[PDB]
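Notes for the one structure printed next.
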Amino acid sequence: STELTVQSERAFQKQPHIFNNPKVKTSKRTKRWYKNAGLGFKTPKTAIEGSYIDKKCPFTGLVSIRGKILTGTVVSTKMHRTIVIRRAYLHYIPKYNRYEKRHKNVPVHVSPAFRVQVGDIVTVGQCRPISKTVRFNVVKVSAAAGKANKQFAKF
Amino acid sequence: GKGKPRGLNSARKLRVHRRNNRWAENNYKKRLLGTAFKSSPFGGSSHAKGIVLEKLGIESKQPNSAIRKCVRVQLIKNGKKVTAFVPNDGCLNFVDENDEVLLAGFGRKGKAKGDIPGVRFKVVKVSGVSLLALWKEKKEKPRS
Amino acid sequence: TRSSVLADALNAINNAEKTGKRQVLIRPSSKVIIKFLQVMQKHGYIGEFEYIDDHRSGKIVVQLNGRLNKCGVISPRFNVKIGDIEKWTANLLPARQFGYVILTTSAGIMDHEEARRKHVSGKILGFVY
Amino acid sequence: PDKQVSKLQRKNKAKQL
Amino acid sequence: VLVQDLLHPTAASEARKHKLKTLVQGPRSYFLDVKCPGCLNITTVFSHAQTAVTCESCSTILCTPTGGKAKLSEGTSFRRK
Amino acid sequence: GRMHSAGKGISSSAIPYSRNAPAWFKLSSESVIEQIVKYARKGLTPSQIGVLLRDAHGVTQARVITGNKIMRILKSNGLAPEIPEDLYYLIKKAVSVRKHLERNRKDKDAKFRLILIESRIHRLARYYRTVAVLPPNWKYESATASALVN
RNA sequence: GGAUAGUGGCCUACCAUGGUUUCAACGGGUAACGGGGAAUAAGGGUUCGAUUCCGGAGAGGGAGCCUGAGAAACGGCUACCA
RNA sequence: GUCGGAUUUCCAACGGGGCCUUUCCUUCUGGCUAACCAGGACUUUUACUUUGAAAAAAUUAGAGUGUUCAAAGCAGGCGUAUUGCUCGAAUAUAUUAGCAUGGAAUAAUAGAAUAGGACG
RNA sequence: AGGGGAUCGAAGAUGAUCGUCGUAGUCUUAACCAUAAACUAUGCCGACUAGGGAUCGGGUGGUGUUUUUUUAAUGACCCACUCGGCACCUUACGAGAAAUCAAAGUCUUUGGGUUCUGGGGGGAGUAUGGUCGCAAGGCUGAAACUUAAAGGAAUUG
């Protein structure tokens, strides 16, 4: 995948306007700029400490989080650094006095700070329009996969 | 369980059954096929107007066997040629060939006043001069 | 497929109310049937009833006094706002001044005439007049 | 044989009438 | 009809019902204590076997299965316990 | 009732009302647990085992006497098999029917009944692959069930 | 990276293979501008809404542009078509 | 006990809220010896429903008002109308979606079985 | 396409006021095709509300009869009871327009769960388009138009 040794494109990925000093070699030996996105979403420990870049991450990148905060259950994650959740819900008809199921497939950017597998219950936040269809961004993952690691060791 | 699904989250199949079964009435088929705008020589209008081609007469259904004196109109706005009934007795002498009659239907959505085999429109006004009033001798009819 | 257990209970109570049996046996009773029959018992519609205990089902024998006309069940259990119990006590009770549309709230199973007073409303269940 | 003759927008092309 | 206890049916009437359809269901099958003829090790055999119950003392047939109750064998007197 | 047929039959076991008690019963769990591991090392299925303890020895439902069902005992003692018992018997049946159908292809009836059997295998598998007593992406398969049963 | 007043496949270069779907995509039709509303009055609905208010869009048809804070402006311009 | 009325109570019916019964109704932090807000994890998430905010005017429901009546309109009333006073233009509905807030039974979903599980 | 090819026998011969032969077929292996008055003209699950005897399949009692070595078990009966099945028969409690129906009941006192179909009659199961079939054809399936009825049950000379 993205696979750290992060500098894999035709340019130099960086946190912009964040300056290691080459002349001053001191007790840091690493400098990143993280921000708590707010609203009591904990920034992950992989955000502060990792080496990825992601200019559209909500913890390292320039984008920020406001507006609607939504949840959803993730479905296919074949795209690079972004996923699609399924935002399902009941519609109401007043004629028939009953309801019907409806779903939306919202695409949504994900940081490599999060490890999102298909079938996670994720929480997204609204960002600035970060691609054509993407407007949102993953802020917290609450994955419940039924302990499928040891699923083969069973009765 | 009385056919139809009464489930609380089953609204979709309710309204899709219904939409399938509304193409059972006549009038709802008329509206959405746009039949009033394709066939039906008054192009979705109450009235129309046309040129009389010739004056005719009938040999209608039993028991009332007679000659009922209809005409042939060609409508203007379509070029369609539809037969037409002249009302209150006399009044065939009011129209001529190549005059300007205003038509309207009988009141059945087409078919008949009665025994009449395939005549659906009555004439309301010749030359703009209103057959009711001519039949009651209140105006006059200039020629053309 | 016993789908709605309360619907079978109330059905049996009608069928053995019309034909004047003074007692019935319903099966496989739950909390909801106990609560419903408590509500019916409270306004004097039916007599004392009694829950047997096998380890599985919980049959009930209801002594019924015969004041019951009809006990119904509304499947599906629709969500009913406070404004709606006007429209439910006008579809399915015989008069304004008796009968009870009972309905399930979060405040607990209850007829409508108390539900006005505590001023909550939730789903509907059946009806007794 | 071919008698679909339905679902047309060129109806506006009956401005030639 | 019209009126009766369902709570306390007469057990004479309740003996004839199918096992399920009683007031509280229960089995009708008993356990019994078979006394093997030539030996002393008494065995408790359920009344509907499905197996050729081996006497363990002397390795022999006690009762044979049928469609229904366990058909016993020679005069092994049995006690319903 | 009767998932694939038009039958209606009620045919069962009225387990009794007590939870402990026979109250005439012999000593203890260690005897019966030892019996269960005895048969399980012998290599039987928990259906067969409950039967064999039922008729041979004096036990009722093992749940009453012990603290657990049979399947939990063979789980705890590490002899619970990879597939549960019932799906095993179904695949077994489908293999037998399948072989008979390999020989006698002009038959229609065993075709139809095989199509019922595989339906039941699919329904149980789809029950088991939700609760993960089979691993997911395990699928019953029509060519190599004969190696899958053995 | 360009471009923009500005996020953005908006556009270029390179890379990846994705994105939507029978919970109805997409396509077709609409004598379809959208609402606030209107008509019919047991309840529930059905049919209409070009039309006084709000919002969009157009000024013969498409395209382009000047000037300005604000126009792709037509009681402005330029070309082509009719 | 005011003589059309409550004030004291009787008595139930109605509603609430705690408190005690094995019955968590968050640990951690200064104003303090939790009343208070700032301050850490979350105490699965929902569906439903009450209440509130939002719900342009006009139209609709509807309050007041003798436009001579009415449809309408939001005007008007009132004195020495001789230097003025003054009332009023309410209220309600307004699906669904969003938002805030109760309630916790109905309908769902996770919480400890290879114990890599809590209080250690 | 083979193979068989007895009977019967679509199409093909003979006779004043229907009979004789007879291929295709029926029969079968391998392919298709997917129709029927494929009809208890009555979807599938589930619960409850009336009796009667009849038998089918299994099971539980009867020191009940036979039968066998009348000694035992069996086996066949007979009686009682119960579970499942095919039906009859009777009420009319309810239902229905009625005939009739233990369900076509528990539906204006109008909601257990769910699938499909119909919305006057002809035009027409036609036209057209797909679609499947070697073919025959099957599936799906309009409209313009015309019409005042078409139809159900039951009584009556």
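Going through the structure tokens in order, the chains are called A, B, and so on, while each chain numbers its residues from 1 and the ligands are numbered from 1 in the order shown.
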### Message
Show me, as an MDAnalysis selection string, the residues of chain G whose atoms get within 12 Å of chain D, using only C-alpha atoms (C1' of nucleotides) for the distance check.
### Response
chainID G and resid 27:31
### Task
Enumerate as a list in words the residues belonging to chain F that approach chain I to within 12 Å, with only C-alpha atoms (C1' of nucleotides) taken into account.
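Here is what falls inside 12 Å: residues 1, 2, 3, 5, 6, 7, 8, 9, 10, 11, 12 and 106 of chain F.
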Write out the residues from the selection above, keeping C-alpha atoms, as a CSV table (one decimal), in the first residue's frame.
chain,number,residue,atom,x,y,z
F,1,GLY,CA,-43.5,-27.2,10.4
F,2,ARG,CA,-41.5,-29.5,8.2
F,3,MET,CA,-39.2,-27.2,6.4
F,5,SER,CA,-42.2,-31.2,3.1
F,6,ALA,CA,-45.9,-30.9,3.7
F,7,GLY,CA,-45.8,-32.9,6.9
F,8,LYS,CA,-46.9,-31.5,10.2
F,9,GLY,CA,-45.8,-34.0,12.8
F,10,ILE,CA,-45.2,-33.3,16.5
F,11,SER,CA,-42.7,-35.8,17.8
F,12,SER,CA,-40.4,-35.0,20.6
F,106,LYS,CA,-31.7,-41.0,-15.3
### Message
Residues of chain B within 12 Å of chain D, counting only C-alpha atoms - could you list those as a list in words?
### Response
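Taken together, these residues fit the definition: residues 33, 34, 37, 38, 77, 78 and 79 of chain B.
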### Task
Within 12 Å of chain I, which residues of chain B are there when counting only C-alpha atoms (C1' of nucleotides)? Please give them as a PyMOL selection string.
chain B and resi 1-8+10+13+17+20-26+29-30+33-36+38-41+110-112+114-115+117-119
Create the file for the chosen residues now, containing C-alpha atoms and written as a compact mmCIF listing (two decimals), in the first residue's frame.
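Result file is again-v7.txt:
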# COMPACT_ATOMS: atom_id res chain seq x y z
CA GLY B 1 -53.24 -12.18 6.31
CA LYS B 2 -55.41 -10.23 3.88
CA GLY B 3 -53.02 -10.23 0.96
CA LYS B 4 -51.04 -6.96 1.18
CA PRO B 5 -48.08 -6.60 3.57
CA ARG B 6 -48.92 -4.66 6.63
CA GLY B 7 -45.47 -4.45 7.99
CA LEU B 8 -44.21 -1.32 9.56
CA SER B 10 -42.96 -2.05 4.23
CA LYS B 13 -43.85 -2.35 -1.70
CA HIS B 17 -48.01 -2.20 -5.81
CA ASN B 20 -48.68 -0.95 -10.75
CA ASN B 21 -52.38 -1.11 -10.12
CA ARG B 22 -53.24 2.43 -11.07
CA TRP B 23 -52.71 1.44 -14.67
CA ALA B 24 -56.02 -0.25 -14.41
CA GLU B 25 -58.32 2.71 -14.48
CA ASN B 26 -59.25 4.35 -17.69
CA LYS B 29 -54.19 5.69 -18.36
CA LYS B 30 -55.59 8.70 -20.34
CA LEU B 33 -50.23 8.10 -21.87
CA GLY B 34 -51.03 11.60 -23.07
CA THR B 35 -53.89 10.19 -25.10
CA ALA B 36 -55.65 13.55 -25.10
CA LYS B 38 -52.14 12.22 -29.58
CA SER B 39 -55.51 10.86 -30.67
CA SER B 40 -58.90 12.43 -29.88
CA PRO B 41 -59.25 15.12 -32.48
CA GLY B 110 -67.22 10.93 -27.43
CA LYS B 111 -69.46 8.18 -28.58
CA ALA B 112 -73.10 9.12 -28.92
CA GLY B 114 -78.00 7.82 -28.67
CA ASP B 115 -78.40 5.54 -31.68
CA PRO B 117 -73.11 5.20 -35.14
CA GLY B 118 -69.83 7.03 -34.73
CA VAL B 119 -70.70 10.72 -34.44
### Message
Please return, as an NGL selection string, all residues of chain E that DSSP assigns to strand (DSSP E or B) on the basis of the backbone.
### Response
:E and (31-34 or 43-46 or 54-55 or 60-61 or 64 or 71 or 78-79)
### Message
Show me, as a list in words, the residues that have an atom within 10 Å of residue 87 (chain C) when counting only C-alpha atoms (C1' of nucleotides), minus same-chain residues fewer than 5 positions from it.
### Response
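My reading of the contact set: residues 80 and 92 of chain C; 43 of chain G.
Note that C1' of residue 93 (chain I) and CA of residue 22 (chain C) are 16.7 Å apart.
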Excluding residue 49 (chain A) and residues on its chain fewer than 6 positions from it, collect all residues at most 12 Å away from it, counting only C-alpha atoms (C1' of nucleotides), and give them as a PDB file with N, CA, C and O atoms, in the first residue's frame.
ATOM      1  N   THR A  30      13.205  14.698  15.379  1.00  0.00           N
ATOM      2  CA  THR A  30      11.919  14.483  14.702  1.00  0.00           C
ATOM      3  C   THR A  30      11.023  15.691  15.026  1.00  0.00           C
ATOM      4  O   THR A  30      10.888  16.041  16.216  1.00  0.00           O
ATOM      5  N   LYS A  31      10.402  16.312  14.020  1.00  0.00           N
ATOM      6  CA  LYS A  31       9.449  17.406  14.290  1.00  0.00           C
ATOM      7  C   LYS A  31       8.206  17.344  13.424  1.00  0.00           C
ATOM      8  O   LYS A  31       8.312  17.479  12.248  1.00  0.00           O
ATOM      9  N   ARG A  32       7.051  17.095  14.034  1.00  0.00           N
ATOM     10  CA  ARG A  32       5.773  17.139  13.362  1.00  0.00           C
ATOM     11  C   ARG A  32       4.884  18.103  14.088  1.00  0.00           C
ATOM     12  O   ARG A  32       5.152  18.556  15.210  1.00  0.00           O
ATOM     13  N   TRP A  33       3.798  18.425  13.396  1.00  0.00           N
ATOM     14  CA  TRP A  33       2.796  19.361  13.888  1.00  0.00           C
ATOM     15  C   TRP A  33       1.482  18.650  13.858  1.00  0.00           C
ATOM     16  O   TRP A  33       0.925  18.344  12.790  1.00  0.00           O
ATOM     17  N   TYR A  34       0.963  18.371  15.035  1.00  0.00           N
ATOM     18  CA  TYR A  34      -0.311  17.707  15.140  1.00  0.00           C
ATOM     19  C   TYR A  34      -1.273  18.742  15.729  1.00  0.00           C
ATOM     20  O   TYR A  34      -0.861  19.713  16.383  1.00  0.00           O
ATOM     21  N   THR A  43      -6.954  12.653  19.315  1.00  0.00           N
ATOM     22  CA  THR A  43      -6.019  12.395  18.242  1.00  0.00           C
ATOM     23  C   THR A  43      -5.289  11.092  18.570  1.00  0.00           C
ATOM     24  O   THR A  43      -5.020  10.802  19.734  1.00  0.00           O
ATOM     25  N   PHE A  59      -5.561  15.608  11.379  1.00  0.00           N
ATOM     26  CA  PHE A  59      -4.704  15.769  12.555  1.00  0.00           C
ATOM     27  C   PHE A  59      -3.348  16.370  12.206  1.00  0.00           C
ATOM     28  O   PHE A  59      -2.773  17.095  13.003  1.00  0.00           O
ATOM     29  N   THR A  60      -2.809  16.020  11.036  1.00  0.00           N
ATOM     30  CA  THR A  60      -1.581  16.601  10.583  1.00  0.00           C
ATOM     31  C   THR A  60      -1.822  17.649   9.501  1.00  0.00           C
ATOM     32  O   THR A  60      -1.134  18.654   9.420  1.00  0.00           O
ATOM     33  N   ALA A 113      -3.482   7.262   9.721  1.00  0.00           N
ATOM     34  CA  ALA A 113      -3.521   7.107  11.174  1.00  0.00           C
ATOM     35  C   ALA A 113      -4.551   6.134  11.648  1.00  0.00           C
ATOM     36  O   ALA A 113      -4.485   5.694  12.789  1.00  0.00           O
TER      37      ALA A 113
END
### Query
Any idea what's packed within 12 Å of region 8-21 of chain G, counting only C-alpha atoms (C1' of nucleotides), ignoring anything in its chain fewer than 3 positions away? Could you give it as a ChimeraX atom specification?
/A:1-2,8-11,76-84,103-107,127-135 /G:1-4,24-26
### Task
Please identify all polymer residues within 9 Å of region 29-36 of chain F, counting only C-alpha atoms (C1' of nucleotides), omitting same-chain residues fewer than 4 positions from it, and present them as a list in words.
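Contacts, with the query itself left out: residues 40, 41, 46, 49, 50, 53, 59, 62, 65, 66, 67, 70, 73 and 74 of chain F.
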Any chance you can output those residues with N, CA, C and O atoms as a short mmCIF file (atom, residue, chain, number, x, y, z; two decimals), in the first residue's frame?
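The result, written out as out_11.cif:
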data_model
loop_
_atom_site.label_atom_id
_atom_site.label_comp_id
_atom_site.auth_asym_id
_atom_site.auth_seq_id
_atom_site.Cartn_x
_atom_site.Cartn_y
_atom_site.Cartn_z
N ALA F 40 -16.11 -40.25 24.11
CA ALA F 40 -15.59 -39.30 23.16
C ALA F 40 -14.23 -39.72 22.65
O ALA F 40 -13.95 -39.57 21.45
N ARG F 41 -13.37 -40.23 23.53
CA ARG F 41 -12.13 -40.86 23.10
C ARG F 41 -12.40 -42.13 22.30
O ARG F 41 -11.61 -42.48 21.40
N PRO F 46 -22.25 -36.30 20.11
CA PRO F 46 -22.98 -35.97 21.32
C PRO F 46 -24.44 -36.38 21.37
O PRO F 46 -25.01 -36.62 22.46
N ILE F 49 -24.09 -39.98 22.34
CA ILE F 49 -23.62 -40.08 23.68
C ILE F 49 -24.73 -39.85 24.65
O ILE F 49 -24.84 -40.58 25.66
N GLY F 50 -25.57 -38.84 24.42
CA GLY F 50 -26.72 -38.58 25.31
C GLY F 50 -27.70 -39.76 25.29
O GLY F 50 -28.30 -40.09 26.32
N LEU F 53 -25.89 -42.83 27.25
CA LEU F 53 -26.00 -42.60 28.69
C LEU F 53 -27.41 -42.64 29.20
O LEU F 53 -27.64 -43.00 30.31
N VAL F 59 -28.90 -41.95 33.46
CA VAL F 59 -28.95 -40.47 33.45
C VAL F 59 -30.17 -40.03 32.67
O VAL F 59 -30.71 -40.75 31.86
N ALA F 62 -28.23 -34.65 30.61
CA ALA F 62 -26.92 -34.44 31.27
C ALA F 62 -26.86 -33.08 31.88
O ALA F 62 -26.09 -32.85 32.82
N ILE F 65 -27.89 -33.37 35.53
CA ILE F 65 -26.94 -33.97 36.45
C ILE F 65 -25.61 -33.19 36.51
O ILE F 65 -25.11 -32.86 37.61
N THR F 66 -25.07 -32.84 35.35
CA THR F 66 -23.80 -32.13 35.30
C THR F 66 -24.06 -30.64 35.39
O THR F 66 -25.14 -30.21 35.77
N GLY F 67 -23.10 -29.83 35.00
CA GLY F 67 -23.37 -28.42 34.88
C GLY F 67 -23.50 -27.91 33.47
O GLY F 67 -23.69 -26.73 33.26
N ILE F 70 -23.52 -31.63 26.58
CA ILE F 70 -22.51 -32.54 26.13
C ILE F 70 -21.46 -31.85 25.24
O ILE F 70 -20.23 -32.09 25.34
N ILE F 73 -18.85 -30.14 27.04
CA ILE F 73 -17.92 -31.03 27.69
C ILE F 73 -16.87 -31.44 26.70
O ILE F 73 -15.67 -31.47 27.02
N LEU F 74 -17.29 -31.78 25.49
CA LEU F 74 -16.29 -32.15 24.49
C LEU F 74 -15.54 -30.94 23.97
O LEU F 74 -14.48 -31.10 23.37
#
### Query
If you count only C-alpha atoms (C1' of nucleotides), which residues fall within 12 Å of residue 59 (chain G), apart from same-chain ones fewer than 2 positions away, as JSON, numbers by chain?
{"G": [57, 61, 73, 74, 75]}
For those residues, write N, CA, C and O atoms (P, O5', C5', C4', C3', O3' and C1' of nucleotides) to a file as a PDB file, in the first residue's frame.
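The resulting file, result26.pdb, is shown below:
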ATOM      1  P     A G  57     -29.613  31.379 -12.289  1.00  0.00           P
ATOM      2  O5'   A G  57     -30.301  31.088 -13.660  1.00  0.00           O
ATOM      3  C5'   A G  57     -30.111  29.833 -14.199  1.00  0.00           C
ATOM      4  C4'   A G  57     -31.063  29.673 -15.354  1.00  0.00           C
ATOM      5  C3'   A G  57     -31.005  30.767 -16.419  1.00  0.00           C
ATOM      6  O3'   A G  57     -30.052  30.454 -17.399  1.00  0.00           O
ATOM      7  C1'   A G  57     -33.230  30.347 -15.777  1.00  0.00           C
ATOM      8  P     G G  61     -33.255  32.693 -27.960  1.00  0.00           P
ATOM      9  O5'   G G  61     -32.430  31.805 -28.993  1.00  0.00           O
ATOM     10  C5'   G G  61     -33.018  30.607 -29.519  1.00  0.00           C
ATOM     11  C4'   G G  61     -32.005  29.827 -30.292  1.00  0.00           C
ATOM     12  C3'   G G  61     -30.720  29.594 -29.515  1.00  0.00           C
ATOM     13  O3'   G G  61     -30.828  28.338 -28.861  1.00  0.00           O
ATOM     14  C1'   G G  61     -30.280  30.383 -31.729  1.00  0.00           C
ATOM     15  P     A G  73     -24.659  36.944 -21.009  1.00  0.00           P
ATOM     16  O5'   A G  73     -25.566  37.549 -19.816  1.00  0.00           O
ATOM     17  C5'   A G  73     -25.051  38.700 -19.117  1.00  0.00           C
ATOM     18  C4'   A G  73     -26.016  39.821 -19.000  1.00  0.00           C
ATOM     19  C3'   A G  73     -26.641  40.383 -20.295  1.00  0.00           C
ATOM     20  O3'   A G  73     -27.838  39.754 -20.703  1.00  0.00           O
ATOM     21  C1'   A G  73     -25.597  42.121 -18.965  1.00  0.00           C
ATOM     22  P     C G  74     -29.302  39.645 -19.703  1.00  0.00           P
ATOM     23  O5'   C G  74     -30.273  40.695 -20.360  1.00  0.00           O
ATOM     24  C5'   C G  74     -30.646  40.598 -21.714  1.00  0.00           C
ATOM     25  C4'   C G  74     -29.778  41.470 -22.579  1.00  0.00           C
ATOM     26  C3'   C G  74     -30.472  42.579 -23.373  1.00  0.00           C
ATOM     27  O3'   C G  74     -30.554  43.752 -22.546  1.00  0.00           O
ATOM     28  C1'   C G  74     -28.675  41.594 -24.555  1.00  0.00           C
ATOM     29  P     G G  75     -31.944  44.246 -22.019  1.00  0.00           P
ATOM     30  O5'   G G  75     -32.012  45.716 -22.648  1.00  0.00           O
ATOM     31  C5'   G G  75     -31.987  45.859 -24.087  1.00  0.00           C
ATOM     32  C4'   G G  75     -32.305  47.278 -24.535  1.00  0.00           C
ATOM     33  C3'   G G  75     -31.426  48.351 -23.913  1.00  0.00           C
ATOM     34  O3'   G G  75     -30.233  48.508 -24.699  1.00  0.00           O
ATOM     35  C1'   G G  75     -33.706  48.964 -23.726  1.00  0.00           C
TER      36        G G  75
END
### Query
Using only C-alpha atoms, which of F:13, F:130, F:47, F:119 sits nearest chain A?
F:130
### Task
Output the contact residues of chain C with respect to chain F at a cut-off of 12 Å, based on only C-alpha atoms, as a PyMOL selection string.
chain C and resi 1-2+53-56
